[PDB]
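S.K.: I need the structure of the sequence given here:
(chains A, B, C, D, E, F and G)
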Amino acid sequence: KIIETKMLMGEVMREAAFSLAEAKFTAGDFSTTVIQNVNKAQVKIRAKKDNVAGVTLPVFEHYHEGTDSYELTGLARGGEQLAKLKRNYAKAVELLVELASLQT
Amino acid sequence: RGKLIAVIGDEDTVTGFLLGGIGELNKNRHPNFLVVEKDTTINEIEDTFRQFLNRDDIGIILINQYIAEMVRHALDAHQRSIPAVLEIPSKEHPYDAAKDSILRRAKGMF
Amino acid sequence: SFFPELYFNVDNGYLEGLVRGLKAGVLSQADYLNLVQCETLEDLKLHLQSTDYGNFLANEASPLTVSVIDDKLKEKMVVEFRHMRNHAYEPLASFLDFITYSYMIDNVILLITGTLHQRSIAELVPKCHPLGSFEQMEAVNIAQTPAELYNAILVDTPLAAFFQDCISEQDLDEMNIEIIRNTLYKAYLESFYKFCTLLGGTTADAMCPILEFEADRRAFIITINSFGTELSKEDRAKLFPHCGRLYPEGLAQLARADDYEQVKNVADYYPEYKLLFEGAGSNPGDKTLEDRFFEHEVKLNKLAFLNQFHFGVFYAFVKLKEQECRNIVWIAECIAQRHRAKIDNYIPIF
Amino acid sequence: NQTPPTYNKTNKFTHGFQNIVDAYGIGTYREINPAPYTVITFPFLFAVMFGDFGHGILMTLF
Amino acid sequence: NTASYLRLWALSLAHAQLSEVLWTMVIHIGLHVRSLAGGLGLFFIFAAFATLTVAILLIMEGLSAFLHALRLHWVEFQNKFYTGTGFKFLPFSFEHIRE
Amino acid sequence: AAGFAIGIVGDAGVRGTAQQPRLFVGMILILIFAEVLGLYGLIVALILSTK
Amino acid sequence: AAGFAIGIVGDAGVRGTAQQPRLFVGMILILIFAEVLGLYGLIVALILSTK
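M.R.: Numbering: from 1, shown residues only, chains lettered A, B, ... in the order given. Below is the structure:
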């Protein structure tokens, strides 16, 4: 499954990068605010054990902790593009979490 | 709760993930990410990578492929499981394939 | 009236000719087509050299990236703007300052937040938008003290009058940074609009429609985007400018609205907006609501150059050039990522 | 012991006259209804303002 | 209030003055000593006359007098006895018949 | 004075009508009132000119 | 007064026509009223000068 997942990761990043360009087109320079104004994460990762046999392997599990993300309508109010962008990366994050677990 | 994901990458890559809801400040006001610009040197990337390996709250680290090439010795030198490192294509660099740890581990995969 | 066409050309005669000459250099539809028919960033450069653009990527890094083209495009128009801004007299300079205020507002939001989360000014200034400039001290070497930045703003920063809504520092710490910036921008719009109406000639008639549009556009979009977030309906209304066509009646309905449909129902009373919401098909592979607003805003800024004796040509100029940059970068980005089917999402600027 | 609504029974003819009264306000419960006298009083005062034989015909025919 | 009823005079006077002038300066002009020309002209002039009589007097002056007479009831008459407020009576009813 | 009213009412009325076709009749009535205002002056002038 | 109206109406008419070619007839009709206003001036002036 790890090879199929890696393939998907590529395609997802292709879409996310385009979606980012769309958000950038509308907003202009939102990256500066996002990078500076960071405090708490909405997503965190929990450790889980996979008892595949006598051997136990470490796996990561996605944990949606729930702390609210930053609400940004300040630049051109491009909220819909930013919201689609959040969702596109949110999907990327979940895939990557699964992906790292598969490396074990 | 358990683990954070650290990101070392370019401006757009880091920004995207931060919007993705991943990444936060530690109690010492340190950020679990680095923005790598054209003026960022090797020692800054390498020292940052190592420190993330030296933090017990991080673990998965997300890095751009072109960055992994700059500090490649540090990613192969450390073989463990906390620091699972995933290498991703940058906005402009193309899709990764070569020199991938997994494609190398497995001799039956493209 | 007889207000223009008489004293206007005495001081502003030169600049009026210059700025319209600069407008003549904006990419035409024929030129955008030549830029689209590239599929290579280096070829894009070559096609740009056919216009007033070009030779600005020379002596840069051999690898050409989108981020470089983005910065260079802004830089070019900033120089042209500053040139016209510097060779200008108070009657026009005050008008132009309002244009710069929009960018300064964003920049001071950057100065705070970082100051509030102990970041040094020297680290923040490099990421400020041009035209903010802030050549004055006291805003510099604040020692990461919010009080020192707050005093520096009140004293040296031209935006001090606008901060009367957000004061005492308490507001800086307790208000969300985005409410603070939206509140400050509202103050900007209210003062700037009135300023244009004080210049109650051709400028007021050519300029105000654009400012009224922006005010109504923000009221619409804010209402929609605010649906899914945590925001009191009253606090949302507090951000709705009163310089527009929704102010008499309409904002009250948006303030109460909790759904996209209710927002559209308001637009239904204003054909100039109803058409935009109907045009914004919002399909999974179509133009969206923000795109239609951008098209309208450009239409208005183009019409600004139908009056030869006003200040609105200078405001329109800046906005048209900024959209020109957005268009060009979009093309460069589409090439870099090879999304050719989405190339025709630029806003024609004539 | 609550304030009751004000109910005035009207018909196909008097309803319109009640409405031009209600346009100003709803009368107090058990208030004297002005409408029975408005039916004549108002047309009379109008006719004083518009006492024009020819136009009165046109208006009547309408 | 007593002076207010001078509305009756003011409106009655104005109407008479408009009628006299609108007649004299419009339909009188449609008359002429030439037989056929007079008839043909009066045809078109009369139509214009009737138009002005309706546009100015039958509508507008009737409209102003309509309101002013109503105001007299609202202001001077009713305020002597018709005082206070109540609630509109809204019983259960099958109102939506025409719809 | 009548021309002033016609001017202002037309300016606002024409735009208001485009956003609201039901305004047309109301606009006309305001215009008819302005025409009546103009007539009043004519009436007095006609009385004086023959006095 | 007529020339003023000519100026205002023609200027606005041209900008409108640039956006809407169907405006051509409308603005010309308005200009006709301004020309009539000027003519009225000429009529009275000629009557007085030969009186």
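S.K.: Report the buried residues of the helix or strand containing residue C:291.
M.R.: When elements are assigned from DSSP states H and E, residue C:291 belongs to helix C:289-303. Neighbour counts over helix C:289-303 (16 or more other C-beta atoms under 10 Å in any protein chain shown) mark C:289-294, C:296-298, C:300-303 as buried. From N, CA and C alone the C-beta is placed, and that goes for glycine too.
S.K.: so what's residue 33 up against?
M.R.: Since no chain was named, I'll use chain A. A:72, A:74-75, C:109-110, C:113 (C-beta atoms under 8 Å, 6 or more residues apart in numbering or on different chains).
S.K.: my question was about chain F
M.R.: Contacts here follow C-beta under 8 Å, 6+ apart; on that basis residue F:33 touches E:60, F:5.
S.K.: just checking, it is part of a helix?
M.R.: Yes. Assigned with DSSP: H, G, I helix; E, B strand; the rest coil, residue F:33 falls within a helix.
S.K.: Run through the helices of the chain in chain order.
M.R.: Using chain A here. A:2-27, A:30-36, A:79-103 (DSSP state H).
S.K.: Let me rephrase: I mean chain F.
M.R.: Ranges of helices within chain F are F:2-19, F:23-49, based on DSSP H.
S.K.: Residue for residue, what is the longest helix chain B has?
M.R.: In chain B, taking DSSP H as the definition, the longest helix is helix B:42-53.
S.K.: buried residues in it?
M.R.: For helix B:42-53, the neighbour count (16+ other C-beta under 10 Å) marks B:45, B:48-49, B:52-53 as buried.
S.K.: Same list, those residues, but as CSV with distance to chain A please.
M.R.: Putting the buried residues of helix B:42-53 into CSV (distance: C-beta to the nearest C-beta, whole Å) gives the following:
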residue, distance to chain A
B:45, 17
B:48, 15
B:49, 16
B:52, 14
B:53, 14
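S.K.: Now do the helices in the stretch 251-350 of chain C.
M.R.: Applying DSSP state H, counting those that start in this stretch to the stretch 251-350 of chain C gives helices spanning C:251-256, C:260-267, C:271-279, C:289-303, C:312-337.
S.K.: Just the C-alphas of the first one, formatted as CSV.
M.R.: Only the C-alpha atoms of helix C:251-256 are listed here, as CSV (Å, rounded to 0.1, in the frame of the first residue of the first chain):
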residue,chain,number,x,y,z
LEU,C,251,-26.6,46.1,5.8
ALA,C,252,-29.3,45.4,8.4
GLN,C,253,-30.3,42.3,6.5
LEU,C,254,-26.7,41.1,6.0
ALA,C,255,-26.1,41.6,9.7
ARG,C,256,-29.0,39.3,10.5
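S.K.: and the residue of chain E nearest chain B?
M.R.: Closest approach between chain E and chain B, counting by C-beta to the nearest C-beta: residue E:99, at 50.9 Å.
S.K.: follow-up on the earlier one: go through the contacts of residue A:33 and name the one nearest residue A:54.
M.R.: Residue A:54 has its nearest neighbour among the contacts of residue A:33 in residue A:72, at 50.0 Å by C-beta to C-beta.
S.K.: would you list every one of the helices in chain E?
M.R.: For chain E, applying DSSP H gives helices covering E:6-22, E:35-52, E:62-72.
S.K.: hey, C-alpha coordinates of the longest one in CSV?
M.R.: The one in question is helix E:35-52. In CSV, the C-alpha atoms belonging to helix E:35-52 read as follows (Å, rounded to 0.1, in the frame of the first residue of the first chain):
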residue,chain,number,x,y,z
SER,E,35,-64.3,77.0,-39.9
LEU,E,36,-62.5,73.8,-41.0
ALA,E,37,-59.1,74.8,-39.6
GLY,E,38,-60.8,75.6,-36.3
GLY,E,39,-62.5,72.2,-36.1
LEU,E,40,-59.3,70.3,-37.1
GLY,E,41,-57.2,72.3,-34.6
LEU,E,42,-59.8,72.0,-31.8
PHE,E,43,-59.6,68.2,-32.3
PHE,E,44,-55.9,68.1,-31.4
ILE,E,45,-56.0,70.9,-28.9
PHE,E,46,-58.9,69.4,-27.0
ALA,E,47,-57.0,66.1,-26.7
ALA,E,48,-54.1,68.0,-25.1
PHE,E,49,-56.6,70.0,-22.9
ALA,E,50,-58.3,66.8,-21.6
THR,E,51,-54.7,65.4,-21.0
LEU,E,52,-53.8,68.4,-18.9
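S.K.: how about the nearest residue to residue 49, chain neighbours excluded?
M.R.: Assuming you mean chain A. residue A:56 (5.2 Å; C-beta to C-beta, 6 or more residues apart in numbering or on different chains).
S.K.: sorry, should have said chain B
M.R.: Nearest residue to residue B:49 in three dimensions, chain neighbours excluded: residue B:74, at 5.4 Å (C-beta to C-beta, 6+ apart).
S.K.: What residues does chain F have near chain C?
M.R.: With C-beta under 8 Å from any C-beta of the partner chain as the criterion, chain F comes near chain C at residues F:18-19.
S.K.: For residue 17, which non-adjacent residue is closest in space?
M.R.: Assuming you mean chain A. Using C-beta to C-beta, 6+ apart and skipping the chain neighbours, the partner closest in space to residue A:17 is residue B:91 (4.6 Å).
S.K.: actually chain F
M.R.: Residue nearest to residue F:17 in three dimensions, not counting chain neighbours: residue F:23, with 4.7 Å by C-beta to C-beta, 6+ apart.
S.K.: so residue B:87 is in which element?
M.R.: Per DSSP H and E: strand B:85-88 holds residue B:87.
S.K.: Check chain F for the residue nearest chain A and tell me.
M.R.: Closest residue of chain F to chain A, C-beta to the nearest C-beta: residue F:19 (24.6 Å).
S.K.: How about the contacts made by that residue?
M.R.: Residues near residue F:19 by C-beta under 8 Å, 6+ apart: C:269-272.
S.K.: which of these are close to chain D?
M.R.: Of the contacts of residue F:19, not one also sits near chain D (C-beta under 8 Å from any C-beta).
S.K.: Just give me the closest of the residues you listed to residue C:214.
M.R.: The nearest one, if we look at the contacts of residue F:19 relative to residue C:214 and count by C-beta to C-beta, is residue C:272, at 13.4 Å.
S.K.: center of the chain, which residue is that?
M.R.: As the question left the chain open, I've gone with chain A. residue A:93 (2.9 Å; C-alpha atoms, centre = their mean).
S.K.: oops, I was thinking of chain E
M.R.: Taking C-alpha atoms, centre = their mean, chain E has its central residue at residue E:62, 0.9 Å away.
S.K.: Could you report the distance from that residue to residue E:69?
M.R.: Computed as C-beta to C-beta, to the nearest Å, the residue E:62 to residue E:69 distance reads 10 Å.
S.K.: ok, now residue A:68?
M.R.: Between residue A:68 and residue E:69 the computed distance is 64 Å (C-beta to C-beta).
S.K.: More neighbours: which of those two?
M.R.: A side-by-side neighbour count of residue A:68 and residue E:69, using other C-beta atoms under 10 Å in any protein chain shown, places residue E:69 first with 23 against 10.
S.K.: residues in chain C within reach of chain A, list them.
M.R.: Applying C-beta under 8 Å from any C-beta, we find that chain C lies next to chain A at C:106, C:109-110, C:113-114, C:117, C:119, C:124, C:127, C:129, C:176-178, C:181-182, C:218, C:221-222, C:224-226, C:228-231, C:288-290, C:326, C:329-330, C:333-334, C:337, C:339, C:342, C:345.
S.K.: repeat that for 7 Å
M.R.: Contact residues, chain C versus chain A (C-beta under 7 Å from any C-beta of the partner chain): C:110, C:113-114, C:119, C:127, C:177-178, C:181-182, C:218, C:221-222, C:225, C:229, C:288, C:290, C:326, C:330, C:333, C:337, C:339.
S.K.: Only the buried subset of those, as a PyMOL command please.
M.R.: In PyMOL, a selection of the buried entries from the residues of chain C next to chain A looks like this (16+ other C-beta under 10 Å):
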select buried, chain C and resi 110+113+114+177+178+181+182+218+221+222+225+288+290+326+330+333+337+339
